[PDB]
Amino acid sequence: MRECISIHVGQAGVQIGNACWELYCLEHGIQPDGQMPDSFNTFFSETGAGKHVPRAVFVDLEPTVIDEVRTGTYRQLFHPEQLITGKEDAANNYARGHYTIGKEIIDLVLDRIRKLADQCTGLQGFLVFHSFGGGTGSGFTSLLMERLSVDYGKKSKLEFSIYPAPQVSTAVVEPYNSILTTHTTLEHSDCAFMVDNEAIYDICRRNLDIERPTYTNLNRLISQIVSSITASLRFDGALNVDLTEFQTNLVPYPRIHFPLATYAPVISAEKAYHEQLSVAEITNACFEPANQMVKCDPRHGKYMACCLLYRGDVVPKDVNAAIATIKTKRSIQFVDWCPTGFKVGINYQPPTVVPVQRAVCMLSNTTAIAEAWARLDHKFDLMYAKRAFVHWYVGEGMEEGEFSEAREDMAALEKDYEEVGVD
Amino acid sequence: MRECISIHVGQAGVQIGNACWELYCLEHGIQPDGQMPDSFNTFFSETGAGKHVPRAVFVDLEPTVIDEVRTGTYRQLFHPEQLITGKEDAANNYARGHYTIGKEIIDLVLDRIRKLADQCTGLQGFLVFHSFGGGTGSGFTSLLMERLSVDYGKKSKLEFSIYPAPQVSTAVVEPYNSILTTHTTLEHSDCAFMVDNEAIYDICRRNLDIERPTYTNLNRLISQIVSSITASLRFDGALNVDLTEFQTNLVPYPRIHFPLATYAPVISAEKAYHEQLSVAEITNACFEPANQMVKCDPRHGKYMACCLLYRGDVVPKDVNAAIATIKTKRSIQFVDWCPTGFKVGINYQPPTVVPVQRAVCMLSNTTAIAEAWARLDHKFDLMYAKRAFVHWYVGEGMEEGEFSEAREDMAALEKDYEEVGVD
Amino acid sequence: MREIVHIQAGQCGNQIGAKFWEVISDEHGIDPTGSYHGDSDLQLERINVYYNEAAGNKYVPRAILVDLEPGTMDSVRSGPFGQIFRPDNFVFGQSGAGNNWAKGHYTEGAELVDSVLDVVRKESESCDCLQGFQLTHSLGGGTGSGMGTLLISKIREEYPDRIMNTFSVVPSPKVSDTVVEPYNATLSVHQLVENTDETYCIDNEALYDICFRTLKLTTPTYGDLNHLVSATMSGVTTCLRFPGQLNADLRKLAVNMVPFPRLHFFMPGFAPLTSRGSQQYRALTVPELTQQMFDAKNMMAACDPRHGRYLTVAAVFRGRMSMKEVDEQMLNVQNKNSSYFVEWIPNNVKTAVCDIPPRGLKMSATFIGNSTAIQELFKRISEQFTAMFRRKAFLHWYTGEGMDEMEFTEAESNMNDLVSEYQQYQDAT
Ligand SMILES: Nc1nc2c(ncn2[C@@H]2O[C@H](COP(=O)(O)CP(=O)(O)OP(=O)(O)O)[C@@H](O)[C@H]2O)c(=O)[nH]1
Ligand SMILES: Nc1nc2c(ncn2[C@@H]2O[C@H](COP(=O)(O)OP(=O)(O)OP(=O)(O)O)[C@@H](O)[C@H]2O)c(=O)[nH]1
Ligand SMILES: Nc1nc2c(ncn2[C@@H]2O[C@H](COP(=O)(O)OP(=O)(O)OP(=O)(O)O)[C@@H](O)[C@H]2O)c(=O)[nH]1
Ligand SMILES: [Mg+2]
Ligand SMILES: [Mg+2]
Ligand SMILES: [Mg+2]
């Protein structure tokens, strides 16, 4: 009766969704053919025959990666009216994804939403797997979110996004993407989510015993996070926290909606022993700086709000002693005027494995993330100091002052976390 | 006890009838030899031996396409006194079909009607499959309908016709056909039916996964419509709507008798899954502009009356909620002074297949069709501004002012829908 | 006669009633189906007060189950004692309150309230004589906060004489399971102080403590967390359902205890409590049941009676027992803790003796306490309110529902009006 649809924008989001719906089919026992040999209306719908289809929309301006789903192993799962392709990519040009090509096939993707919104009645959240690296994953992202608040307005819109890395950075105009996309995702998204590529590597290198990771394995870490956020809807625990509450819990002021995800425990197969993984053991590893997936030191700021989504085998009194430890420390410290800073969620379902006992997803809306914007503002100034690459965005119809209008917009964003940090 | 005979005029109507009676034999299990290994008197009659013959009359002025029935696979089905051929065609000349050649073999075809009207006693409608493209399908059409209102007058006369396309237009004097035939089919036909070739292509291209259709496949779409209009006579549903009621339901004023047909759901074989095709799902696809078979946008006018002929597996309360949605929308809107604008018909017979669960035929007498006449009036003015091709119609005995008499006749036709549109 | 209609709300309070009606099932021999299997005929003599005897050897729980999402109603009906209820009475919404008080009280509270108030009317018409209404919910969630408090103001508009008791859990002192637990407390404080006749107040942390201090448990489940309140609620009306040497009911407990209508916020107490094997090595008699009550640790609300002053004391016993073994114990303990009480009441110990024990041990006692210790918890809660209010955070949700600061401020002032009055009689002696 309760639903939560998903949209995938750009090439980086599709390869996230290739591992996500790989995991969801293994959750409810679904085959790649939509077949299984109760309450799962959030991510699936039933046909007239005994087949289930995903509530997913795959958009791309280049026809490459969607053919990898249209010819891959997960081929028969998807409705061919969902698989939407373009012809010419934005090709790491935000003005092409926002003005040139994305304005043409915008009619088809938005029409597929209401075709999914017929059978949905408990519409409780949206999923937009979009990166800020590629132009298609960013230029279409701004055009998509404008119509939905015109469409729904009151319904929830969540973005499990990918943060551009401060050191290991692939493309060139990746600093140009973030400042331009700021005005959309601060005025439409109810709670955006930042994940950096860079912190994943040492988690793969040290904690997962494989120094040289693959992008197939980078998606496996985030796919476990997205499932355990939905662990209250898809199942039944003693304390089920639905997605309406998170945007009401984690948001003290309606502009501040940038937490970070933290999955724990992250172990290897050989290190599955030499440990016991009690509920007090693993939550201290959550607040370890080298276990999070965002390159931000949590002891460089203060926590505004914290959330903990447990699964597996959990007794709350045993967690009650675990939370009592973290308030009674000193290197871990909160925003002082928020003394009630925990949101606990327990599900009695084990964390499934993709080819352990319990697992924790930590969601901490903190002030440690605010330094990451300043590391990216420093990138954007010098490339705009030369007026470099202006003839591509202006070459694809964009105002020069639209950079400058969004330039001060980050300063009003940055002064928020600075103001909340002091008493 | 109830009957409905059929007449086929011109070459385009015969190839429609080649697929129609192909379908009817597959309905009641009839072989091509008139053989089957109850109540079907509407389209058939029984011989002394166990053979059934179609109530069809095939007229043509050229001997070509009738030999394709006289030598084809469906050869033994037809009475050779029904198969009527001419010698010289009208050859895309309306004045030849109306004055020159059609005046000679008019005696034979009209004599075959009363030979069929002996065994008929519940005569409830006529079927004239005539196109407006060819001269034989239009010139004979005017001469045929004049005698029948002299013959019967009170009996029903229906025309499942083919509308000439605004862009993909084959012949040259196709604008000359429509203005001349207007005075007959507005003064004899109880309810004419327009079907454009152009909207069929994208239905074949997108919705049927074959970008390059064949005329054998164009006839398959209309043949499903003609069957489900007769789905109340030939069978038994809980709400059987007979053909006397449609001309009384769909006609608010006796000149306005131009609805349009809409078959739905139109799916492909591979897209038979990834769907469930509930009775509320498919009726929204009926009012989709790209699913109808007439190139007219339904959101450019208002609906005067609507009809829905269901078959397959239908519960009316489940349809009662579906009709309640369409009145409670805004982009779909009626003529306001007609608040009772639905005619529902349910048959408990599945839509048969020609080499699914349910099917919908939608008949919507609307004001969106009135722009199609203005697109064809614009064609007819300039070709008459030069006085082009006057020496063929006057070359075959026709008044010049007979164009001009029918010229203002479209203006009195066009001002009807404009007057009904306002309150 | 004097039948009682049961209303639930929230998500915590439903699982308590999912255990509480199991307690009433074996306190009346009621099977999981709905039929009868008891042998003692004292059950059938007063069976009507918590059960409608339906047609054909049936018994249905006179209870109204209310949620705002179909999850918890599915969990009750699938697990134990779900088919015992009436399927007509599973009256629940589809949205979920979103852990917002204003969603449960203004927007979504107005929807399902009409479906409930007929069911309240249908039971109150069907009851021969009506005693009072009882409510089990949360003060931390959304559905337990707004939806339950919206009902009681409509019921006080209906019935002036009928009593009302809420077994509402206090928001937690130190652990913070709810992020907005002041915003679910303070907006719920104002409804409770107006038109609730008596109000039960249970801290979360002491319930963890009593399950760990006396019993010494390792893995306490909510089937054993919330079970202590289920025996507690049964001990309130256990003198009603059975005869005694000194009977009692919900009106006798009200007028004895509550000295002024703004001071009616109570604390429980239960005895005896043992371990699984450490159960015989103790003289489990009246003086052991005497001194097990009056200590600080037995209170399910975490408060020190040493840091406060009592006003009145009720005590409900179960099982057959003598009197001077009780009465002198119920007299002398006022003299050893002499300065902890208040001056202006002689013999503030209300005694109640039923003649039916629990299904189990031979004798049992239920303590109902009233003291000035609870107001010191609210000064933390008023601090927890103002800490999230001196920056004026979390307002745009309530602004999106529509509410001025004065409704927050006067309820905080009315919370301080509770502060100004429990301190007033504490300062007096
Ligand atoms: N002693 C118990 N406390 C509980 C239990 N479940 C939740 N809680 C507490 O109750 C509070 C949450 O309230 P609820 O469980 O009633 C949530 P509710 O349906 O009322 O509203 P929503 O937030 O809209 O879901 C919070 O303080 C929890 O710590 C339980 O089984 N026992
Ligand atoms: N999360 C994630 N990010 C990836 C992966 N592979 C590449 N990326 C990042 O994705 C960004 C590139 O975005 P893309 O989605 O591939 O490009 P696009 O949006 O389709 O736009 P164009 O390809 O420029 O037309 C870079 O920052 C890459 O580091 C992956 O497997 N997972
Ligand atoms: N419905 C339908 N129309 C067709 C088909 N093939 C051609 N047409 C249309 O039919 C029209 C031509 O009419 P015809 O019936 O072939 O010609 P006719 O009436 O016999 O007259 P002449 O051939 O000129 O002597 C044109 O508008 C064609 O586009 C077909 O398979 N189905
Ligand atoms: Mg790409
Ligand atoms: Mg022809
Ligand atoms: Mg709840």
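Quick notes on this structure:
- Test: residue in the range A:15-28 that is under 28 Å from B:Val356 (Cα atoms) and in contact with a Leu (Cβ under 7 Å, 6 or more places away or on another chain): no
- Applying the condition of being charged (D, E, K, R) and within 23 Å of the chain's Cα centre (by Cα) to the range C:59-106 and asking which residue is farthest from ligand 5 (Cβ to nearest atom) yields C:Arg62.
- Inside the range A:315-348, residues that are outside any helix (DSSP H, G or I), of a type in the set (S, T, N, Q) and within 14 Å of another protein chain (Cβ to nearest Cβ) make up a count of 3.
- Candidates are the residues of the range A:239-255 that are under 14 Å from A:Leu308 (Cβ atoms) and part of a helix (DSSP H, G or I); the one that is farthest from the other protein chains (Cβ to nearest Cβ) is A:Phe246.
- Note on the range B:1-90: enclosed strands (runs of 3 or more DSSP E) holding 2 or more residues that are within 14 Å of ligand 5 (Cβ to nearest atom) and outside the structural domain of B:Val353 (by CATH) are B:2-9, B:56-59.
- Check on A:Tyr94, more than 16 Å from ligand 4 (Cβ to nearest atom) and touching a helix residue (DSSP H, G or I) at 6+ places or on another chain (Cβ under 9 Å): no
- Of all the criteria given as (1) under 21 Å from B:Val353 (Cα atoms); (2) within 14 Å of chain A (Cβ to nearest Cβ); (3) charged (D, E, K, R), the one not satisfied by B:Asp236 is (2).
- Scan of the range A:99-132 for residues that are within 16 Å of ligand 4 (Cβ to nearest atom) and either of a type in the set (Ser, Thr, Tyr) or touching a strand residue (DSSP E or B) at 6+ places or on another chain (Cβ under 7 Å) (or both), ordered by number: A:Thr100, A:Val128, A:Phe129, A:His130, A:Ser131, A:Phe132
- Elements of the type helices (runs of 4 or more DSSP H) sitting completely within the range A:105-218 and holding at least 3 residues that are surrounded by fewer than 18 Cβ atoms within 10 Å (Cβ to Cβ) and among the charged types (D, E, K, R): these cover A:106-117, A:136-151.
- Condition check for C:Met164: away from every other protein chain (no Cβ under 14 Å) and touching a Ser or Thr at 6+ places or on another chain (Cβ under 8 Å): yes
- Unmet requirement for B:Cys286, which otherwise passes all of (1) more than 19 Å from the chain's Cα centre (by Cα); (2) under 27 Å from B:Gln167 (Cα atoms): (1)
- Of all positions in the range A:151-168, none carries a residue that is more than 16 Å from ligand 3 (Cβ to nearest atom), β-branched (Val, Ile, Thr) and under 24 Å from A:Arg114 (Cβ atoms).
- Complete set of residues in the range C:341-379 that are of a type in the set (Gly, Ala, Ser) and surrounded by fewer than 21 Cβ atoms within 10 Å (Cβ to Cβ): C:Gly360
- If you go through the range B:268-277 and pick out every residue that is facing chain A (nearest Cβ under 8 Å) and outside any helix (DSSP H, G or I), you end up with 5.
- Output for the range A:91-115, where each listed residue is of a type in the set (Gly, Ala, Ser) and farther than 16 Å from A:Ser131 by Cβ: A:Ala95
- Residue check for A:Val53: surrounded by fewer than 22 Cβ atoms within 10 Å (Cβ to Cβ), more than 16 Å from ligand 3 (Cβ to nearest atom) and within 14 Å of chain B (Cβ to nearest Cβ): yes
- Extreme residue, farthest from ligand 6 (Cβ to nearest atom), among residues of the range A:56-83 that are in contact with a strand residue (DSSP E or B) (Cβ under 8 Å, 6 or more places away or on another chain) and within 13 Å of chain B (Cβ to nearest Cβ): A:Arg70
- The residues of the range C:309-325 that are in contact with a strand residue (DSSP E or B) (Cβ under 7 Å, 6 or more places away or on another chain) and either surrounded by 20 or more Cβ atoms within 10 Å (Cβ to Cβ) or at negative phi (or both), listed by number, are C:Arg309, C:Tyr310, C:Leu311, C:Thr312, C:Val313, C:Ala314, C:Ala315, C:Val316, C:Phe317, C:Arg318, C:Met321.
- A residue that is more than 10 Å from chain A (Cβ to nearest Cβ) and surrounded by fewer than 18 Cβ atoms within 10 Å (Cβ to Cβ) occurs somewhere in the range C:198-208.
- The listed residues are B:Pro63, B:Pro32, and the only one of them that is more than 30 Å from B:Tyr393 (Cα to Cα) and surrounded by fewer than 18 Cβ atoms within 10 Å (Cβ to Cβ) turns out to be B:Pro32.
- Among (1) within 14 Å of chain A (Cβ to nearest Cβ); (2) surrounded by 21 or more Cβ atoms within 10 Å (Cβ to Cβ); (3) of a type in the set (S, T, N, Q), the one test that B:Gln357 misses: (2)
- Yes/no for A:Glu402 being part of a helix (DSSP H, G or I) and farther than 25 Å from A:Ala305 by Cα: yes
- Flag for B:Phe43 being over 18 Å from B:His130 (Cα atoms) and surrounded by 21 or more Cβ atoms within 10 Å (Cβ to Cβ): yes
- Scope the range A:378-423; condition of a type in the set (A, V, I, L, M, F, W, C), surrounded by 11 or more Cβ atoms within 10 Å (Cβ to Cβ) and over 29 Å from C:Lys392 (Cα atoms); matching residues: A:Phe380, A:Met383, A:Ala388, A:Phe389, A:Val390, A:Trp392, A:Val394, A:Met398, A:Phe403
- Some residue of the range C:8-30 being touching a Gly at 6+ places or on another chain (Cβ under 6 Å), within 16 Å of ligand 6 (Cβ to nearest atom), polar (S, T, N, Q) and within 20 Å of C:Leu250 (Cα to Cα): yes
Quick reminder, even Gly has a Cβ in these numbers, built from the backbone with ideal geometry, and neighbours come from all protein chains shown. Numbers and lists here come from the model and the stated rules, or from a named source; no laboratory instrument gave them.
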